[PDB]
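Participant: before I ask anything, here's the sequence and the deposited coordinates:
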Amino acid sequence: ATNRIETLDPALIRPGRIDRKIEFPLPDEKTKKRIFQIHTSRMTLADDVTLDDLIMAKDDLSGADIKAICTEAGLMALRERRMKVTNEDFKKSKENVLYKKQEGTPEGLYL
Amino acid sequence: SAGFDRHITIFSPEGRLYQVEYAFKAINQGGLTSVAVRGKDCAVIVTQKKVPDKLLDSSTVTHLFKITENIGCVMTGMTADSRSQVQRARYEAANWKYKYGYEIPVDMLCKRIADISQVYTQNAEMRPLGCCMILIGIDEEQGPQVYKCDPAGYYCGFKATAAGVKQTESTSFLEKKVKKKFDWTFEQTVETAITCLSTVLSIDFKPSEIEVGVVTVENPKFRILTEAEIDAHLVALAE
Amino acid sequence: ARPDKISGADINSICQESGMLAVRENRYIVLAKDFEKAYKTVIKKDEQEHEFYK
Amino acid sequence: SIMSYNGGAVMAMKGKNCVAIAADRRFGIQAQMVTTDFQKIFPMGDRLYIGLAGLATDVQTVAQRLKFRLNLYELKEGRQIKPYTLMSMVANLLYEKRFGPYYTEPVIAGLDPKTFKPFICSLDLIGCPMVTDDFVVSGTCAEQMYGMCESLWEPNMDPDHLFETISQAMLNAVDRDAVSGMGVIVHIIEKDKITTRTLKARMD
Amino acid sequence: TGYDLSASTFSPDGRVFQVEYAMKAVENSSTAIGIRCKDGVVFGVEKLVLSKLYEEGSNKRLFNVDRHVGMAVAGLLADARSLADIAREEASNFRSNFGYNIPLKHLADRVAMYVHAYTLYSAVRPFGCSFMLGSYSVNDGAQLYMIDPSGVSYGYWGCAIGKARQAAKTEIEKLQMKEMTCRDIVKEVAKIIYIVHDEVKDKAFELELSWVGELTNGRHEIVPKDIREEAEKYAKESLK
Amino acid sequence: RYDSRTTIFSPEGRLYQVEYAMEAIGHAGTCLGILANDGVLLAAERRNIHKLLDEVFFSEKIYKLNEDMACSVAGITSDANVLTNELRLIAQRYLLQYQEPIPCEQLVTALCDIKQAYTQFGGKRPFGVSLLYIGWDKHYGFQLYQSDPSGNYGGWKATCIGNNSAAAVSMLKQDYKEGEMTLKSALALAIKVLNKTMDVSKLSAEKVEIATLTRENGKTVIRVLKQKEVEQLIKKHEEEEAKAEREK
Amino acid sequence: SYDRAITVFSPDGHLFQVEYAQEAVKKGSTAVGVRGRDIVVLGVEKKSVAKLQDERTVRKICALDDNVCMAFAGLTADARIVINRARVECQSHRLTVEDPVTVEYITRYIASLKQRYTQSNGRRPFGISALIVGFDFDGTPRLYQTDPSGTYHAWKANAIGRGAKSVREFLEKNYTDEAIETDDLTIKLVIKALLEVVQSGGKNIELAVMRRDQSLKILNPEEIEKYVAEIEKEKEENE
Amino acid sequence: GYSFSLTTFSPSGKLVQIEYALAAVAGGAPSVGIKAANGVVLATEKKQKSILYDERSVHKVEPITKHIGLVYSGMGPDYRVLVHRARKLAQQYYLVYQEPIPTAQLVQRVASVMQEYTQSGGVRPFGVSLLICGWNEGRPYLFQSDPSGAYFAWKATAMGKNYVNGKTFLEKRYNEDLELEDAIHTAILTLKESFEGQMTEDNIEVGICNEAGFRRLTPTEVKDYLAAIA
Amino acid sequence: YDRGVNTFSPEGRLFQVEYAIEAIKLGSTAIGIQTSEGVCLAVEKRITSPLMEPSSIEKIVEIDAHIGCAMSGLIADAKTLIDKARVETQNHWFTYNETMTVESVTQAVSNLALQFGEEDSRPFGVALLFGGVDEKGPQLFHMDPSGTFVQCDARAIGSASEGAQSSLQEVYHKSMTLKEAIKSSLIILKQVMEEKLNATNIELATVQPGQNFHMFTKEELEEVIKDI
Amino acid sequence: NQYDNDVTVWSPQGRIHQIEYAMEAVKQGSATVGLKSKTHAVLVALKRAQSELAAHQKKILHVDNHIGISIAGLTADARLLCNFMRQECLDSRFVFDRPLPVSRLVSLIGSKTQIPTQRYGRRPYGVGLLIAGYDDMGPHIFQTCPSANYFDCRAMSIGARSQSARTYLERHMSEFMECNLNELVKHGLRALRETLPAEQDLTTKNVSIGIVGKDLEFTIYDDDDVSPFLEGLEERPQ
């Protein structure tokens, strides 16, 4: 399992050694909701949000995004000593997770 | 230290640069000894030759180079840098004579040669002329002068003067020698030059090895001595 | 006045070179030429030294 | 002449503690005038004027060039300019066109920046400065203004008599002049204030 | 060493390895000697045929720059051709600007400055040549010069440039050079070239002899070596 | 890794020297300009406040550039002289060509192009200097601009310098003003910003510098104001600190 | 073979900085552009108003002539220089042959300048990719795009910046034959592109139009709210 | 092994081939300059290496015009080049304006020259820091520049070895209001504080700047003054 | 190592030219066949998007009224070379009132196909096929980035050129006819391409001595496709 | 090995390896043989191809009415020196209104090629010229090198595996001088048929022959006046 693929030996990606190379792209904006479903399947939460609000926010998607959103929402929940996590925790968690980290680089560049 | 491998002319940490102070011993690859003496209204140069060969000539080996009719000089270090610096000095003295209408003083030429070496030092991408030049000259209202020109571009000028290979010892002897306030009636100067080189080298040798360059305020023409009068002075100092 | 680059262990060795050279002089008297030979022997590259750019 | 293509007349006269500069208003081709509001006196900083007479193209181009170098000098150095500095600058600007000359006769009139010391000078078309104490004149008509100013000038002059003297001199010399006329502007400045008057001239 | 790359840098002991590497490059080249007499200068070059592919009269290292000045080069050949062209150009300029023949010392100094300037900068290399300059004049006599790859140019009576640089001047100096005319010095140079390296490392060599002096009335040219045939009838007597 | 020159890119595509020029900006003097109609201000922090100077220049960061424009500056100080002489020359060329004062935006873009030509070309040092802009025109009135070493320029109303001014920008957002053109209010706001952001205990007036630019009847004068009104501004702001401790 | 420099190839036949300079565009702001039959329209996303300054200076859509319209991606400074050059090129072309400037000639100019700028010695290539929209020959709508290599490449719709594959993929599923004109459907097409944008914040949308004969018209953030309202109405009618 | 050379910044800091040039400047000969109420006094520390050298040949205190003194702390061969530049440039000003150039304008143009030489990337910068002074428009001035192209204005400052100690003494001993002679006294004091003790009429070299003009003093008046001045 | 155009190899060679020959390979294929009836020529477009307008991508351009071309590699080096040829042809007609023959065209292009030099820039990354009719009948001409120009009777370039040349030498002889060579070429095209052959994939360019004008086939190429 | 990169750098043994690498780049060209009689100079080269359908790359190209060259090595430098060669011909043809002596022309070639072997920024020219001409003293066969040490010979051969050709020249350089044109040309191809492996035969389409005579203008031939020259041969002694 690798992050990058370009700096690797062509003698080691040839078959005989490795027969099933497997792409992991960031798959789709639909199974974002499945990861939000699974990573909130065992935590009490209100309705109060749409995952489409967290689909039309950022263009690259990962479980590293959504689990960070969940954990930061829990931090904002114990920050405000509530349960049944509301929308404002998701919004501040959204902004603080997209900033930390995905921006690149100090302005500007590009913009 | 280095560290930076001192390839081009940049500043190394604390705080020096190494190219020019490697060029300070480009003189020391010469294998030669040069002595200048200014005591009174004459001025004396002395420098040996290194001729092992009988197939090699004797007239073309002289490092006493007449710059102008009232300015001579002497060279050490490697010969090509020396001869190039000599033609540059000749050309710039001629430019002085063309532009300003009179004979150049010996100091201004040293300033110009130092400026040329600094410009070759300031800008990179040219080898900075590893040869040392010693000048002498007579000026009106000032008597005689001796100057020294560095490859570093630091000209200076003073009474008892020496550069080459073995001149830490020569400057030590001239510190011990020019401290007594005697007059210098030109055979005193010849005797001190011959004996100071004859104590640094300790050879006490034939009149065929050293060349003697003199200039005097009775004839301001630069003058190269002959074998007979060099022998005359040598046996005159022989006691 | 000659820099720099003398270590503390070198002084006594310079003095020994001077003194044993005076032993070769067969005299108990310490002249300057003893220090000349001592400087030329126990210094021990490099040296020129300087007076450019201060 | 080439100097007599658009006409022109500039008079400056040094008073007691003040200085006055005046010029004509007419602009036009050789005999055909165009307008009566052509500026030939240009403010160069405070309490320091310049007068230009001759070819109007060189007048405007030299005025803008001097404004250029003047603003660069006063913004490199926060102090204002002394009049001798202006005179050397103008002489340099003219002498750069030694063989390609502009066709003008600049007249500088200004006061001292520290004291109230008056100042007059005038230059040639190649940059020859000339400081006097009584008056300087330029333009197409010369001898008229020379005769009038040598006729009516006194050394120590209150600003009223200075004003009336330069008034009568300009009016009579312009009325004798043919190619320059059609009204007179007068600038009288001093340490306290700057006065600008326009005279009722013969519009013939 | 390392520290040997560019021609503008110095060494930590203070010399230029580019100059040194350019010097000992000519050491591998063919042997070329020279010696003057009391009224002329004689050149002579040990020149080699490769195997059987030459023509005996091609690419002769005995050049002829001026009416009375010619070269006896050794080292890289094309670099010597270029330097010969610069010498021809300089002699032409002196003839143009002064109206008489170039004195050899001034010519040698100008060429030495040209060599030195090509040692100075870093974009160019030092030359890979070492050559001779001979001349004759009725008001100046014979002058024989010598130019290293660095630019140190001064005079001799005799020289050698090649492998046997020491091994030629070992016995050049036992020649009684002053009292002899150059016609004797012809077969002298013949025996000097012939003694060194008869057959040892290589197979065959070939002799050229350039020739300037009082006998040619100021001309510089190759001898008619075939005329009077001085080498081989003496070479067969010099093997014993 | 992919360092050596300003040109060409590092493979992201990101840049090396623009980022390092901003990190060269951050360790320099702090300046600001404020939201104001009928006038505009500049503030500056005195570097090198050692007692053996002369202060006979009257201006260390401020440069009254054409007539109606000044510029603060921050960064490598000699490059600021290099750019300011050229910028005065650009403005004076514009005045030579048109006999109209320069309307400041094409002036800003011209200087940005001067900096940008050294960003693309190689191998040259780009100007590690950001600098401010105040000015007046015939088309928009009082203006504020932020030059950058990238060649990007920002039209601001409350500006930003580096690490010593990120907290200043935070206070400018949290204490944002709009509608009040009263200059003394913005001067008290700037005094509060330099009181918190500079580490100067009790804000000595020798460590500060204030320049303003007002529109007077045709002239658009630039006021490099003196020290005594700064002193009473300090006393006014400390009386406001006493008003702040009235809640105790 | 390496990421330096621009001049040498890869061992498998590539240019690294040509391939790498497109990544600066690919991490840049998104700007789309379509052609109608009569009215052409485009827009950028990510206005990103930071609450305390003006944004009339950050306008990424401009014009060189009254007939051509601009957009770009990547970094802004290269776009500034290229457009400032292209205005003078358009006006120099107008100083020549008296036609309104064709979109094809000015795209050949910009891409050609960009390429011969790239080929030279150590000049950092302009990491932008422009969108050049015009309708000149009897109102024939044309839009070309550029490349950091400098290849003009004619499209019918376009999407660049962040996530351009998805945004272009929406136009694959949107762009049927009967788009225009039907100007209202081209309007709703731009609105659906802005709704299909990577963030689609609703107020950060900035779009500009051209009816092939008029001038550039900047719209108003109340008309676009009505467009989002009727698009949500169409989504509800899909239910 | 970086910076190297003059074309790039550091990863975060400043320019190493300026910092090392300043280091070579700080490794230079000591000097001091004091701006008094009526004049400005410059003085150096000039020890010959041997007793062979001559003290009428090379001159540290150097006039640029008849009213402008200028000394340095650094490397002479570069010092002469930039001085000759300042000479020609001041003469160009006197050609244009026919008026003696003000010292602030000299500092502007000399600073522009030095900053141009610090521009990338083929030459090194100077190993020279300057001390420029003169009595222009009554008020005298004192302007210190540096190899980075910047400049300052001091009441009193020093450059060379132990300049921090000389600066603490000038902070302690000197003040705002003195005369020319009192400035001469405290200048010789702060020079003798850090020099070697064998100080004669020749080891120092002093130039002053009256309102009557620049003046480069002689060893006669030096040995008249410095013969146990305190 | 090999690091630059100013350094040989210990065995040969450039080692920049080699990487240019390697940079031939990335392009789309093209096939021209010389027939004495006239020169036929073909190319693949490799269209990515339906938004990608197919008639906008140029592969066959027109240098002269009887001279075609085809490009293979970097587009813009090819555009520069086409620009220079378009200039130079017109100068030859200018100074001689006649048509520059295609071999002389190729000598003029290959004069600075290698004039690459950055001091005293890089070598170009495109191989070009030239088809035309001089006085000696039709001519088909094949050059390279290295300027080593030679005539070819039926040359194939670019990606999958090996089996293209193989099956080409399988089918070729000297006395071919026109439409037979056309269908023989497009067979090899649809053997080396990955997409279904249709009106948008390929384009033909046919020059004849009696049909000098219009070295192109537009949508009759559909009819040529449907005959297989 | 870090010193074996550039032309300017002297080796620590003094041998510029850039020159020898240029020599080895020359050695990968085609075979060619040049040889003269007292009256007729003939140079014969070998053609090669990219493919079977492709044409053969020509080697012998025309220069002037009495000068023609062979070539081996690079092609861009070949046409560059061709343009320079034609220019140097027609310049003196314009000025002096005479045909050139060959020796000063090839000295001009050496002086042309010296500067790209000494300064930095241009590589030495991989070049394989064999030059045949007629001055007042008859035919000359010169050869070149990337080191600009031009050689005069009577019979040479350069390119790949040209050593057997050189030995053939060794064993017939006595015989070349007296014969007329026909058997001289078939001696030339009895060097070229040993520049090949013996499992194939020299055909028509692979060879070209250029004759210039003391009364005959320089002319290149290909298959058509060469099929007359290709008869009059025996097989190789297998």
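Facilitator: Happy to help now that I have it. Numbers count the residues shown, from 1 in each chain, chains lettered A, B, ... in the order given.
Participant: can you show me the strands along chain B?
Facilitator: Applying DSSP state E to chain B gives strands spanning B:33-38, B:42-48, B:64-66, B:71-75, B:133-139, B:143-149, B:160-164, B:210-216, B:219-224.
Participant: got those strands as JSON lines, with mean neighbour count and distance to residue F:170 columns?
Facilitator: Every C-beta, even on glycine, is put in place using the N, C-alpha and C of the backbone. Listed next are these as JSON lines, based on neighbours: other Cβ atoms under 10 Å in any protein chain shown; distance: least, Cβ to Cβ, whole Å:
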{"stretch": "strand B:33-38", "mean neighbour count": "26", "distance to residue F:170": "73"}
{"stretch": "strand B:42-48", "mean neighbour count": "26", "distance to residue F:170": "77"}
{"stretch": "strand B:64-66", "mean neighbour count": "19", "distance to residue F:170": "75"}
{"stretch": "strand B:71-75", "mean neighbour count": "25", "distance to residue F:170": "71"}
{"stretch": "strand B:133-139", "mean neighbour count": "25", "distance to residue F:170": "67"}
{"stretch": "strand B:143-149", "mean neighbour count": "22", "distance to residue F:170": "64"}
{"stretch": "strand B:160-164", "mean neighbour count": "25", "distance to residue F:170": "67"}
{"stretch": "strand B:210-216", "mean neighbour count": "21", "distance to residue F:170": "79"}
{"stretch": "strand B:219-224", "mean neighbour count": "15", "distance to residue F:170": "80"}
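Participant: of all the ones you listed, which lies closest to chain J?
Facilitator: Set against chain J and scored by Cβ to the nearest Cβ, the strands of chain B come closest in strand B:71-75, at 26.8 Å.
Participant: does anything pack onto that closest one? Which helices or strands?
Facilitator: Packing contacts for strand B:71-75, counted by 3 or more Cβ pairs under 8 Å, 6 or more residues apart in numbering or on different chains; DSSP states H and E, involve strand B:42-48, strand B:64-66, helix B:79-100, strand B:133-139, strand B:210-216, strand B:219-224.
Participant: would you turn those into CSV with distance to chain H?
Facilitator: Listed next are these as CSV, based on distance: least, Cβ to the nearest Cβ, whole Å:
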stretch, distance to chain H
strand B:42-48, 14
strand B:64-66, 22
helix B:79-100, 15
strand B:133-139, 12
strand B:210-216, 18
strand B:219-224, 20
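Participant: these: which one's closest to chain A?
Facilitator: For those, the distance to chain A is smallest for helix B:79-100, at 51.4 Å, taking Cβ to the nearest Cβ.
Participant: where does the closest residue to chain B within chain J land in three-state SS?
Facilitator: In chain J, the residue that lies nearest chain B is residue J:120 (11.8 Å; Cβ to the nearest Cβ). When classified by DSSP: H, G, I helix; E, B strand; the rest coil, residue J:120 comes out as coil.
Participant: sorry, back to before: quick one: which of the helices and strands packed on strand B:71-75 is nearest residue I:192?
Facilitator: For the helices and strands packed on strand B:71-75, distance to residue I:192 was read as Cβ to Cβ. The smallest value, 66.8 Å, belongs to helix B:79-100.
Participant: ok and the residue in chain D nearest chain F?
Facilitator: For chain D, Cβ to the nearest Cβ, closest residue to chain F: residue D:68, 4.7 Å.
Participant: so what's that residue closest to, chain neighbours aside?
Facilitator: Nearest residue to residue D:68, sequence neighbours excluded (Cβ to Cβ, 6 or more residues apart in numbering or on different chains): residue F:96, at 4.7 Å.
Participant: show me the contact partners of whatever helix or strand that neighbour lives in.
Facilitator: Using DSSP states H and E, residue F:96 maps to helix F:77-98. Contacting residues not belonging to helix F:77-98 are listed as D:64-65, D:67-68, D:71-72, D:75-76, F:63, F:65-66, F:69, F:71, F:73, F:100-102, F:106-107, F:110-111, F:114-115, F:127-129, F:131, H:108, H:111-112, H:115, H:118, H:148-150 [Cβ atoms under 8 Å, 6 or more residues apart in numbering or on different chains].
Participant: the residue positioned nearest the centre of chain D and chain C, how far apart?
Facilitator: Ranked by distance to the mean C-alpha position of chain D (Cα atoms, centre = their mean), the top residue is residue D:51 at 2.6 Å. Distance from residue D:51 to chain C, counting by Cβ to the nearest Cβ, to the nearest Å: 57 Å.
Participant: residue 1: how many residues sit nearby?
Facilitator: Unless you meant another one, I'm taking chain A. Counted with other Cβ atoms under 10 Å in any protein chain shown, the neighbours of residue A:1 add up to 4.
Participant: oops, chain F please
Facilitator: 5.
Participant: sorry, back to before: return the subset of the contacts of helix F:77-98 lying in helices.
Facilitator: Counting by DSSP state H, the contacts of helix F:77-98 place D:64-65, D:67-68, D:71-72, D:75-76, F:106-107, F:110-111, F:114-115, H:108, H:111-112, H:115, H:118 in helices.
Participant: which ChimeraX command selects the buried ones in those?
Facilitator: Only the buried entries of these go into this ChimeraX selection, using 16 or more other Cβ atoms under 10 Å in any protein chain shown:
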select /D:65,67,68,71,75 /F:107,110,111,114,115 /H:108,111,112,115,118
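Participant: who's in contact with the closest residue to residue H:133 other than its chain neighbours?
Facilitator: Among residues not flanking residue H:133 along the chain, residue H:40 sits closest, at 4.0 Å (Cβ to Cβ, 6+ apart). Going by Cβ under 8 Å, 6+ apart, residue H:40 touches H:33, H:34, H:69, H:133, H:134, H:135, H:140, H:141, H:142, H:183, H:208, H:209.
Participant: how far off centre is stretch A:31-41?
Facilitator: Distance of stretch A:31-41 from its chain centroid, counting by Cα atoms, centre = their mean, to the nearest Å, is 11 Å.
Participant: how about it and chain G, any contact?
Facilitator: No. Using Cβ under 8 Å from any Cβ of the partner chain, stretch A:31-41 never reaches chain G; the gap is at least 13.1 Å.
Participant: buried residues in that stretch?
Facilitator: Across stretch A:31-41, burial judged by 16+ other Cβ under 10 Å covers A:32, A:33, A:35, A:36, A:39, A:40.
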